[PDB]
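First, one chain by itself in structure tokens, the form solved without this ligand.
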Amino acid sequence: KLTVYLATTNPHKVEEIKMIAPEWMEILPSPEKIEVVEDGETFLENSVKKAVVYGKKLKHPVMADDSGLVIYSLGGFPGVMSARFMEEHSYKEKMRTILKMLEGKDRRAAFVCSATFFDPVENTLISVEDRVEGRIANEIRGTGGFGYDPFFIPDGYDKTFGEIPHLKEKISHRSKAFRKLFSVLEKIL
């Protein structure tokens, strides 16, 4: 009933969103990789920018995601630099480095997702945020998920998202933010 483009060519993000989409939404990947300067100070600003840039180009409803790992004891690092930090290195190398940063520090953290819908015909924009609170593990565990998953333990669990990646579908920042978005869209469309 509604076909919507995603404003990301990140395969892990497309998979994760497709698997929680409502029965009434056909989610397609953008058929063009569009350049976006992601220079927002916050996830919301980057999610909105991407949504707007893709929507103006495609002239069709789009959704975007800007997301990140926030470690409270490190001033919220890496945050909006989650991908850009050590971007030519593997996530395993990034996690080993961040584990060294946290020696002697409080390990509380969150993954945060800002999910944005833009219809460029009507000029309706809806952006909502959600998060999964947790803590950084003391070592990397598992190879499931992607990115920082193998050292993030969600609230309520003792295993990392690398160890129990199936739980992302229920409790991740992305699943929660996009379900929050879908709920709004069900009300207003």
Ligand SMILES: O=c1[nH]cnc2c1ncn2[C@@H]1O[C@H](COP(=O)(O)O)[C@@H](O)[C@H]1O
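Quick note: we count residues from 1 along the sequence shown, nothing fancier.
If you look for the form solved in complex with this ligand, you will not find it shown, but the lines that follow are about it.
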Is residue 13 close enough to this ligand in the bound PDB entry to count, meaning some heavy atom within 4.5 Å? yes
Give a yes/no on whether residue 117 approaches this ligand to within 4.5 Å in the bound PDB entry, heavy atoms considered. no
Wondering, does residue 55 line up within 4.5 Å of this ligand in the bound PDB entry on heavy atoms? no
Please run the contact check for residue 160 against this ligand in the bound PDB entry: heavy atoms, 4.5 angstroms, yes or no? no
Candidate stretches 120 to 128, 22 to 30, 59 to 67, 133 to 141, one within 4.5 Å of this ligand in the bound PDB entry by heavy atom: 59 to 67
Suppose contact means any heavy atom within 4.5 Å; which members of 68 to 89 contact this ligand in the bound PDB entry? 68, 82, 83
